[PDB]
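Inspection log for the structure reproduced underneath, given as structure tokens.
Numbers restart at 1 for each chain; the letters A, B, ... are given by sequence-line order, proteins then strands.
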Amino acid sequence: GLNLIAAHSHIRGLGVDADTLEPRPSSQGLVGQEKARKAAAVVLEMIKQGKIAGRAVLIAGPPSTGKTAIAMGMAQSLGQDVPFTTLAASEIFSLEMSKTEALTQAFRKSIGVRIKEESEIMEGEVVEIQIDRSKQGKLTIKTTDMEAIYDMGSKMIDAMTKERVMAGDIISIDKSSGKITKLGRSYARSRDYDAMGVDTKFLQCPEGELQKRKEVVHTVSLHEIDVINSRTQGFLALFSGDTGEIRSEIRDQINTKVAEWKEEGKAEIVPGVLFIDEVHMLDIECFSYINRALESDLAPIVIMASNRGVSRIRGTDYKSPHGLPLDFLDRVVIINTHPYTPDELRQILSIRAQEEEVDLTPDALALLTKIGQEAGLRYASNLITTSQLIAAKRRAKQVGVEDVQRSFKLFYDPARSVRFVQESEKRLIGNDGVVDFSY
Amino acid sequence: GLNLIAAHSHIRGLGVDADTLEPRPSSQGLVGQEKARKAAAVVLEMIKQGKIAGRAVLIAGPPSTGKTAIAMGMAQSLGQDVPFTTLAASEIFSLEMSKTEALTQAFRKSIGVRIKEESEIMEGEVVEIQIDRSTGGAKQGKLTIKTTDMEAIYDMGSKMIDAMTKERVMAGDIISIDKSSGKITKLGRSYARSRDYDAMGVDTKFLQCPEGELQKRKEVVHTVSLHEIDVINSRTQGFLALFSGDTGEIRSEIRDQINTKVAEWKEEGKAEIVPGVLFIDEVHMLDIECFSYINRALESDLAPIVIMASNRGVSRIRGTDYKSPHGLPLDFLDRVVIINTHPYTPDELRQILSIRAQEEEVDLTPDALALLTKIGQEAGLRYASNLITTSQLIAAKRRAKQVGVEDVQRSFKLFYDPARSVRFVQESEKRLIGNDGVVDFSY
Amino acid sequence: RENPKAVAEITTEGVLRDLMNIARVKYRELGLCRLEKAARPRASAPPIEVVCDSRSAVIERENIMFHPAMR
Amino acid sequence: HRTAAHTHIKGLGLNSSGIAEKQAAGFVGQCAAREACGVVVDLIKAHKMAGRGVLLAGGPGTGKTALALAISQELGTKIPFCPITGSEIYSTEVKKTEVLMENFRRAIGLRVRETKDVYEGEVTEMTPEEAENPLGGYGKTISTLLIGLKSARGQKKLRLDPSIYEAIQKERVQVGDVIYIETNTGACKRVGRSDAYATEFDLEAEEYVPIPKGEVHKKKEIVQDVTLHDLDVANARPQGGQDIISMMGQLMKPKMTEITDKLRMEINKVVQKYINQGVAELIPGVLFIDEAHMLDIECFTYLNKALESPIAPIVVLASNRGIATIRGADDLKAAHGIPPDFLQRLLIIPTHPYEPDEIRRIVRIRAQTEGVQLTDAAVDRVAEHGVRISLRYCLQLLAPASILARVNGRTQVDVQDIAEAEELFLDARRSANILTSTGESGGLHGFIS
Amino acid sequence: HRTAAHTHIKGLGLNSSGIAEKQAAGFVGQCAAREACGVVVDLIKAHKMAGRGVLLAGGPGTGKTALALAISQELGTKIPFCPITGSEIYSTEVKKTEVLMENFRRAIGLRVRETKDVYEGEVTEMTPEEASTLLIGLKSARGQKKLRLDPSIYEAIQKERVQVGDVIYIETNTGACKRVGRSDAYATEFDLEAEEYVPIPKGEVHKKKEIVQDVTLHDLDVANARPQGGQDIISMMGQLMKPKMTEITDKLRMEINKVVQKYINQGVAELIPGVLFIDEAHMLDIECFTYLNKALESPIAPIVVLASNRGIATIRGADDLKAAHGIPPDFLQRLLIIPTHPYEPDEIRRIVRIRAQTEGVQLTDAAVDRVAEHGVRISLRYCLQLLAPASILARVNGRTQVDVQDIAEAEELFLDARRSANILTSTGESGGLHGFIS
Amino acid sequence: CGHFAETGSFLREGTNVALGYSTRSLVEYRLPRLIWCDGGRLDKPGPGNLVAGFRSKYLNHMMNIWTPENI
Ligand SMILES: Nc1ncnc2c1ncn2[C@@H]1O[C@H](COP(=O)(O)OP(=O)(O)O)[C@@H](O)[C@H]1O
Ligand SMILES: Nc1ncnc2c1ncn2[C@@H]1O[C@H](COP(=O)(O)OP(=O)(O)O)[C@@H](O)[C@H]1O
Ligand SMILES: Nc1ncnc2c1ncn2[C@@H]1O[C@H](COP(=O)(O)OP(=O)(O)O)[C@@H](O)[C@H]1O
Ligand SMILES: Nc1ncnc2c1ncn2[C@@H]1O[C@H](COP(=O)(O)OP(=O)(O)O)[C@@H](O)[C@H]1O
């Protein structure tokens with residue numbers, strides 16, 4: 001389909017016993033990281049129970065230690081039912097709005113408002129419109145399964161006139177609003193005309209009863225209600241962006257009304273998760289805002305990931321662990337992800353090969369595990385796709401060691417690349433611009 | 001006219017033997033710089049030949065060594081046949097668009113699409129217009145037109161009668177009509193009808209009648225740049241942004257579509273592509289992001305030749321903190337051949353001053369030209385050239401017909417050269433505000 | 001559904017109604033709407049136009065630059 | 001009427017021979033600089049030259065700006081004098097090189113004959129005529145208006161195009177109004193009601209105006225002064241048509257735009273037609289860039305190309321700085337704060353400090369300019385400042401001393417009133433001593449560093 | 001046709017087995033790097049994989065951009081190849097992470113095979129059928145045809161000022177129509193009218209032709225983000241009204257992916273993921289690589305090829321961090337890295353000969369020798385730039401071919417940056433009247 | 001700063017006269033019909049511009065998320 005195979009496609013959940021939260025050595029695509037997965041499962045429990053507002057959890061560890069994979073597994077195991085905003089810290093440096101607005105919006109995205117509704121919608125093919133003046137009229141609609149005649153009021157005949165409803169059109173009438181919509185024309189009329197206008201499309205005739213009373217559940221972000229109230233047709237801004245630094249007094253009204261809906265039982269508030277990847281790319285002004293943002297009843301749980309050691313915070317010149325302010329880190333609990341043993345690498349490379357539908361020979365998987373130990377998980381992972389293609393070029397049935405070896409010959413790992421950069425430094429643009437182009 | 005006398009007004013071309021590319025010792029207003037003028041003529045040849053795309057040439061040399069002069073000489077020796085864009089590198093630091101977008105538009109301006117089209121134009125003196133206007137209007141009407149060689153009468157369609165009334169076309173008016181559009185341009189009033197123009201003031205001009213046939217096909221050769229086609233396609237009056245500015249960053253997929261369509265028109269033979277020149281004056285005002293873009297913009301098939309000038313030595317590249325020749329990064333300079341301009345000898349200064357004394361209406365006495373030449377060696381070509389204008393104004397104050405040594409001496413006394421200006425600064429350091437902000441106002 | 005602007009227009013003591021019109025009232029009370037103009041543009045021009053020797057261009061000029069539905 | 005720093009300057013005070021009179025037109029001294037500024041005035045009045053550069057070079061308070069404003073008076077009112085500081089160039093709307101070009105073209109003037117071709121009369125009939133369009137959804141449209149105009153010596157019936165009816169309609173014209181119509185622009189003005197039926201009992205506060213004398217149709221001619229920049233702005237933000245773009249362009253917020261070279265070049269063609277038609281005189285003027293050291297190296301590098309333009313004003317720079325760092329080019333130091341390759345383009349008029357007797361003369365010129373009648377011992381007192389203190393500090397004391405004398409009931413300023421002015425109103429140096437002595441240590445009562 | 005820098009590069013020149021031929025398709029050498037690029041071509045054409053990164057790493061002038069344009073030609077015109085420089089993303093309109101998103105989606109293609117039914121003819125009849133439907137009669141030199149028109153296509157025909165005797169173009173399926181003109185059978189309806197008269201169409205009144213249309217996912221974004229073209233006439237005002245880029249929400253891009261997959265399931269559209277190539281990736285900053293890191297994890301992302309010529313260099317936006325290639329080591333782990341090495345003197349000779357015959361220049365053997373000498377001692381790019389000037393100089397000497405004389409003249413008219421730097425060092429020795437500005 | 005049609009005679013004008021909108025720009029952008037009419041405008045469908053007709057239908061309707069069937 002349109003979903004291609006990605007880096008985290010094999011991650012299908014968080015892989016824990018739902019009773020004890022004890023992880024198992026592999027399941028749902030994840031391997032190892034047992035304590036981090038158990039901690040992630042404990043966070044997922046308080047996400048799903050929802051009463052604990054505004055906790056912050058940092059996933060800290062070296063590159064290629066499953067910090068993003070665990071965040072994906074937590075999102076998969078949380079399901080579609082609960083909001084899971086996934087934000088790269090780079091996304092907050094908007095030109096169209098301030099960083100604190102951009103953080104506010106991401107916070108607002110992560111709280112759902114859930115509403116359940118039944119409403120009467122009449123949908124069908126128009127058979128005839130009949131009109132009398134002396135205003136009244138009659139409408140004949142069919143499904144595949146019914147035909148009926150409806151009396152139309154004066155305003156309803158006007159709406160039909162304004163919207164140019166013909167016979168053979170498919171129309172919907174929401175009885176709750178009274179508004180007509182034209183969905184198209186019935187495909188039976190495909191021969192009715194030789195040429196058709198640009199805005200015309202054919203449909204199958206509606207099926208079953210003419211007017212239906214489906215029960216539907218709706219979950220909308222607080223961010224959506226904001227942007228809808230931002231301006232007269234603000235819902236269009238939900239797609240184009242095209243929204244300002246929304247006034248705080250609008251959000252003040254919306255929070256007050258959403259509380260009324262929860263008191264009256266019109267809605268259920270569904271607090272979800274914000275995951276900020278590479279949170280060390282935020283600056284001192286983001287972090288100091290997030291402190292106050294977390295300390296509110298409508299704050300989600302915030303997960304975040306960093307691979308930085310002791311490193312300078314952005315927007316300042318002093319260093320700190322993870323690249324984060326200690327004033328901020330005091331509000332955080334930290335999950336640490338470790339490197340992988342060769343046996344855990346061997347499993348992950350098998351899971352990747354299965355997800356990529358690559359049949360490794362046992363020796364190739366062994367050699368590929370050595371490369372994963374010597375050159376890193378991502379490099380050995382990327383050699384799987386490469387060796388499959390090289391094997392296909394020789395029409396091989398299985399990826400042999402010779403296909404991994406040629407993959408290793410053709411594509412350098414980071415360490416071998418850094419060595420190449422050091423070995424050829426005069427042929428390459430230095431940090432001071434010097435280079436020699438000659439032989 | 002509206003063109004005044006300006007620093008380059010004497011440059012009429014490159015001054016090179018078109019049969020051999022041998023530079024003549026002086027011609028067309030250029031003096032010396034022979035090797036540089038030969039090189040610029042070889043560039044000029046391959047510009048006209050078109051077959052070579054996206055080469056970049058730097059003209060490098062000390063100030064006042066004729067780098068702009070050679071650039072203006074190439075522009076004057078290309079003329080209208082080839083697009084010629086001049087860009088000061090300061091110009092791309094727009095607030096409307098990113099500097100790589102501004103630099104893209106400059107490359108797009110330098111490729112012409114040449115489109116040849118015909119229309120029947122009808123032109124002559126109006127002998128009569130009858131329009132009945134029968135409550136409504138434009139019902140029916142007849143037009144009589146003559147040249148010196150023919151006369152004809154025409155029944156007009158109603159939307160032509162609107163055009164005639166819109167242009168208030170009158171007996172004796174000399175008009176052209178483009179038939180397919182139906183626009184009417186009044187080229188003038190015929191002299192024989194002058195007395196009928198009782199409302200026209202005495203300042204009014206008159207013309208003789210048009211000559212030959214009333215109707216002929218006139219063929220127009222349009223040249224439109226790729227930038228104009230890009231901007232036209234941006235919005236419902238996109239061309240209107242070619243004047244006001246207020247183009248945004250034009251979307252890349254619009255340009256990519258246009259490149260394909262222009263390749264179709266070329267293959268269909270409907271249009272020709274005419275590669276021009278982009279001249280980037282003082283290119284060292286660009287920064288390291290700009291040079292990285294230029295490196296690959298030059299590799300496009302629809303790239304002009306780019307010509308550049310730099311005053312700079314080994315100098316700090318903008319947007320970074322290290323130094324390179326010309327102030328240009330070495331990776332960019334690898335893509336560039338360099339033409340050097342040298343300092344002038346005293347006789348070449350004498351000739352350039354003589355040329356500048358012809359371009360302004362100045363008579364120099366032989367001793368005044370010798371003194372200005374001496375000042376030219378000592379104080380620079382530009383300063384002595386500005387003493388020419390000053391001396392003529394002093395001579396005119398004393399009502400002299402020719403500029404004498406006395407006038408040049410007054411000029412040298414009244415207006416300091418750069419070195420004496422620096423010496424004045426180096427003496428006045430307590431009265432002039434220093435780099436420390438310190439200054440003493442006491443006597 | 002919840003906005004003071006609607007309520008302030010129905011209450012008979014127009015207090016908040018006037019507090020919301022301060023700017024438009026005083027602008028008018030200063031006479032700036034009646035004071036002579038102290039400047040105007042020294043030049044004025046109509047829009048630049050494409051000139052194309054075709055009838056479709058003339059129609060499309062009338063459709064856009066003299067757009068009937070906007071007009 | 002109000003008195004300002006340069007109110008005493010009236011001109012350069014030169015002889016017909018172009019030598020400076022040692023005290024004339026408000027100046028004292030600077031004679032060599034005033035003579036150089038005279039030759040620059042000659043360069044400007046002789047239209048022949050474009051893009052020559054002049055630098056007034058000299059310490060603060062040496063009269064560089066007085067020289068520039070004296071040039072502005074010797075040129076008179078006809079020639080455009082366009083003063084700016086280098087700090088005006090940093091716009092938030094458009095690139096700083098746009099502002100330079102706008103100022104370059106504001107410094108070139110045009111005087112142009114214009115024929116206004118107009119209809120004027122009392123509206124005596126107004127009758128619209130319309131068509132039922134095909135189903136475009138906006139409904140019927142007025143096809144034309146028939147309007148009757150009455151003047152004192154004629155009448156017309158006009159069948160208007162509907163774009164002129166929209167001018168008539170947005171002008172809120174009625175039958176019985178007096179109106180003016182330009183066939184140039186299609187624009188309409190409601191002049192008033194007729195003086196017929198001018199009954200007092202209208203709340204409408206109408207201006208009743210007499211019937212236009214003469215014929216309904218008129219073809220008056222008037223002479224307009226405009227700059228090239230006025231034409232650029234008119235054509236970049238079109239507003240004189242009755243089309244929808246011109247209409248909406250009056251409702252939108254006005255904003256500056258980075259007018260293209262393409263537009264400016266084609267306006268050169270348009271203006272040169274006016275010259276060849278004999279309806280326009282081109283009158284190039286001067287751009288005075290005060291505080292030119294506040295320009296940056298991008299401004300200066302643009303000025304290279306801008307001055308090479310085949311039309312450009314004369315540019316007069318002023319700078320007050322020694323060897324100083326070029327702004328935007330912290331690697332580069334040069335004299336005057338001007339890039340060394342740009343300085344090559346200019347003629348430099350160095351400007352020198354005043355002598356103590358010149359200061360005495362300036363103090364007396366300035367005192368009588370402000371109307372401060374001032375005793376000779378009081379003049380000597382004020383003129384001992386300017387030597388020991390800046391010249392500006394002298395001139396600034398004259399107004400406090402006048403107030404204090406008048407408050408003391410004196411008709412004229414004595415030495416006492418200056419000696420009180422000296423005490424109430426310090427110079428920078430005495431205040432700088434107060435800082436260094438009081439801020440000699442930190443504390444509750446210290447000055448903040 | 002014109003000859004740009006790479007116009008001799010026809011492809012990767014790989015064997016059937018994917019081994020590189022030592023000189024083929026206009027490459028010389030880089031065999032190991034051409035073979036590695038061959039596997040990248042296979043990766044792309046398989047269209048199985050999202051978001052794999054590739055890095056081309058090596059000195060300037062080592063052919064990194066030849067290789068990327070060889071890939072682009074191995075993929076052919078079908079597969080979208082989207083080239084940018086890393087400096088192009090610093091837009092003033094929107095955050096640079098939005099600019100990256102727009103370029104990722106330009107690299108994913110969507111192909112629709114549309115049958116166009118065109119009726120072009122003189123309007124012989126226009127009969128309003130209802131009071132909705134129109135019947136129109138169209139005529140060519142070869143017959144006439146009646147058509148039943150839906151009220152929508154009727155009002156399009158009626159919004160254009162079509163009348164009987166006009167010549168029109170109609171697309172039956174799309175509903176597009178154009179007034180081609182007035183038929184010249186009416187050319188004497190008046191002696192003058194403001195009208196354009198065209199011959200009657202002389203072919204069939206009906207034509208059917210099949211056009212394989214290509215769009216991209218970014219085209220679908222732009223069309224869905226805002227009214228485009230004739231939908232938005234007030235755009236003519238500029239300022240607030242012009243079609244600015246806006247920071248598209250991933251709500252929109254997710255909802256576009258839904259609709260696009262619907263038409264893939266109907267079999268109407270074919271998805272074609274392609275390539276985003278970023279040259280001078282060292283011009284990307286730390287925030288861009290931070291975004292790329294996430295964006296490459298999305299299920300749609302194209303294959304990304306990067307080039308860099310930096311050694312160990314500071315990453316932009318974090319001068320505290322120095323890394324190889326100027327690429328953060330965090331992100332470098334994600335990339336398949338292909339090294340490009342310098343050329344031998346004999347390889348320089350062969351490239352000179354390849355480009356000579358591509359510019360149409362022809363050389364003596366000693367002329368090849370002297371140019372190749374400049375390639376070894378100065379730069380490959382310099383010696384190739386000698387070829388065109390030397391041809392002009394030979395031409396104006398009347399010679400049919402370039403010889404040593406014409407190169408020895410070209411090399412003195414047109415200096416390299418190295419000899420130019422020597423001139424700057426000798427002449428800019430002081431800030432004198434004839435010195436270079438420091 | 002624009003063109004308009006001058007009245008050449010008052011005596012010959014008469015009492016009933018049609019006032020056309022003559023106002024035009026003196027800046028005057030000549031374009032070939034190949035660009036302005038025959039498919040150099042990418043959005044204008046016709047012969048030659050075979051893309052615009054397809055692209056208009058599919059991007060604005062068929063594959064457009066706001067069409068009611070997609071919504
Ligand atoms: N425990 C695991 N089980 C299976 N796959 C994993 C595991 N940890 C990491 N991976 C995979 O290895 C790659 C790198 O891990 P990732 O978490 O994305 O890196 P980082 O540690 O920088 O977040 C991804 O493709 C991820 O799916
Ligand atoms: N070889 C030459 N022949 C004629 N005029 C010249 C020549 N070289 C310079 N000039 C003139 O002298 C002035 C300064 O030269 P210019 O080309 O501006 O030098 P640069 O651009 O390198 O500062 C210009 O007015 C130019 O026209
Ligand atoms: N030669 C002079 N004659 C008369 N007044 C002068 C003279 N020079 C300067 N002034 C006056 O002294 C004051 C300061 O001079 P100013 O022009 O401001 O110096 P600058 O502009 O160089 O700082 C101004 O009021 C000016 O009119
Ligand atoms: N292997 C090769 N075979 C033939 N020609 C080459 C080869 N490599 C480079 N070239 C040519 O030399 C030029 C310089 O290489 P280029 O790819 O621009 O270097 P880079 O992009 O790495 O700086 C290219 O434009 C190309 O025309």
Side-chain angles (χ1 to χ4, degrees), chain B residues 8 11 13-16 21 23 30 33 35-61 65-79 81-92 103 105-112 225 274-286 290-291 293-295 297-300 302-312 326-328 332-341, chain D residues 261 301 304-305 308, chain E residues 4-5 381-382 385 388-389 392 410 413-417 420:
Chain B
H8 285 88
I11 306 300
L14 198 61
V16 177
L21 312 178
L30 283 172
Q33 298 300 351
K35 196 168 66 72
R37 282 160 59 218
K38 188 168 191 181
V42 172
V43 179
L44 188 80
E45 283 293 297
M46 66 180 160
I47 292 157
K48 291 178 301 180
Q49 190 167 319
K51 292 181 182 179
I52 296 299
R55 289 191 174 218
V57 181
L58 178 72
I59 308 168
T65 59
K67 299 187 299 300
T68 311
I70 287 172
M72 297 294 285
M74 288 186 288
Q76 289 288 341
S77 57
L78 288 166
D81 298 359
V82 173
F84 201 99
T85 309
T86 60
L87 182 71
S90 305
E91 291 183 65
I92 72 169
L103 194 51
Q105 294 190 4
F107 276 63
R108 298 294 278 186
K109 282 169 181 176
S110 309
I111 305 296
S225 65
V274 183
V277 184
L278 174 61
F279 175 65
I280 313 184
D281 193 34
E282 295 312 313
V283 61
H284 62 75
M285 294 311 302
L286 299 181
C290 302
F291 304 124
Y293 173 73
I294 289 170
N295 288 349
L298 287 171
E299 298 165 0
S300 180
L302 299 173
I305 285 173
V306 183
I307 304 181
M308 310 182 291
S310 184
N311 280 337
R312 296 290 181 272
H326 313 290
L328 302 182
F332 180 40
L333 288 173
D334 187 46
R335 299 157 183 275
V336 171
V337 294
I338 310 179
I339 300 175
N340 288 93
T341 55
Chain D
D261 185 42
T301 303
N304 292 346
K305 194 194 72 82
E308 285 157 15
Chain E
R381 284 201 184 98
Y382 178 68
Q385 285 192 107
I392 303 303
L413 294 188
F414 296 105
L415 303 193
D416 50 280
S420 188

Inset, instruction - Taking the side chain as every heavy atom from C-beta outward, state whether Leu302(B) and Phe107(B) have any atom pair closer than 4.5 Å. - result: no

Inset, instruction - Would you check if the side chain of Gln33(B) reaches a backbone N or O of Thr65(B) as a donor-acceptor pair within less than 3.5 Å? - result: yes

Inset, instruction - With the side chain counted from C-beta on, respond yes when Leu21(B) and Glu45(B) share a heavy-atom pair under 4.5 Å apart, and no when they do not. - result: yes

Inset, instruction - Using a 4.5 Å cut-off on heavy atoms from C-beta on, say whether the side chain of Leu333(B) contacts that of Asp416(E). - result: no

Inset, instruction - Calculate, to the nearest 0.5 Å, the distance between atoms OG and NE2 belonging to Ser310(B) and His284(B) respectively. - result: 4.5 Å

Legend entry - Contact check, side chains of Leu413(E) and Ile339(B), non-hydrogen atoms, under 4.5 Å: no

Legend entry - Close side-chain approach of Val277(B) to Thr85(B), heavy-atom, < 4.5 Å: no

Legend entry - Nearest heavy atoms of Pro275(B) and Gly50(B), plus distance in Å: CG-O, 4.0 Å

Inset, instruction - Using a 4.5 Å cut-off on heavy atoms from C-beta on, say whether the side chain of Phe279(B) contacts that of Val306(B). - result: no

Legend entry - Minimal non-hydrogen separation, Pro83(B) against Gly112(B), with atom names: CG-N, 3.7 Å

Legend entry - Modelled atom types, side-chain donor and acceptor of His8(B) and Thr68(B), under 3.5 Å: no

Inset, instruction - Quick one: closest heavy-atom pair of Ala89(B) and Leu286(B), and the distance? - result: CB-CD2, 3.8 Å

Inset, instruction - Nearest 0.5 Å please: distance from the CZ atom of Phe84(B) over to the CG atom of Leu278(B). - result: 9.0 Å

Inset, instruction - Work out which heavy atom in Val82(B) is nearest to a heavy atom in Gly276(B); give both atom names and the distance. - result: CG1-CA, 3.5 Å

Legend entry - Salt bridge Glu282(B)-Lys67(B), side-chain N to carboxylate O under 4.0 Å: no

Inset, instruction - Return yes if some donor-acceptor pair links the side-chain N/O of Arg55(B) with the main-chain N/O of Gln385(E) below 3.5 Å, else return no. - result: yes

Inset, instruction - Give, for atom CD of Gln76(B) and atom CG of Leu30(B), the distance between the pair rounded to the nearest 0.5 Å. - result: 10.5 Å

Legend entry - Any donor-acceptor pair under 3.5 Å from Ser77(B) side chain to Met74(B) backbone: yes

Legend entry - Taking every non-hydrogen atom, the tightest pair across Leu298(B) and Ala56(B): CD1-CB, 3.9 Å

Inset, instruction - Give the minimum heavy-atom separation between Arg312(B) and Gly327(B), together with the two atoms involved. - result: CB-N, 4.4 Å

Legend entry - Within 6.0 Å of NZ in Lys51(B), more than 12 heavy atoms from elsewhere: no

Inset, instruction - Could you walk me through whether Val43(B) and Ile305(B) pass side-chain contact (heavy atoms from CB on, under 4.5 Å), step by step? - result: CA-CA 9 Å; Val43(B) 179; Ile305(B) 285 173; 4.3 Å; yes

Inset, instruction - I would like to know whether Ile392(E) and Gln49(B) meet side-chain contact (heavy atoms from CB on, under 4.5 Å); could you show each step before the answer? - result: CA-CA 10 Å; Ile392(E) 303 303; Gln49(B) 190 167 319; 3.5 Å; yes

Legend entry - Pairwise distance CG(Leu14(B)) to CZ(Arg37(B)) - rounded to 0.5 angstrom: 6.5 Å

Legend entry - Euclidean distance, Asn340(B) CG relative to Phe414(E) CZ, rounded to 0.5 Å: 11.5 Å

Inset, instruction - Could you tell me whether the side chain of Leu103(B) reaches within less than 4.5 Å of the side chain of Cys290(B), counting heavy atoms only? - result: yes

Legend entry - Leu58(B) vs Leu328(B), side-chain contact (heavy atoms from CB on, under 4.5 Å): CA-CA, chis, key distance, verdict: CA-CA 10 Å; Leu58(B) 178 72; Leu328(B) 302 182; 4.2 Å; yes

Inset, instruction - Kindly indicate whether the side chain of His326(B), heavy atoms from C-beta on, has any atom under 4.5 Å from the side chain of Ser420(E). - result: yes

Legend entry - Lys/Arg N to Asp/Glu carboxylate O, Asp281(B) vs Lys305(D), below 4.0 Å: no

Legend entry - Rounded distance (nearest 0.5 Å) linking atom OG1 of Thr301(D) with atom CE of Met285(B): 4.5 Å

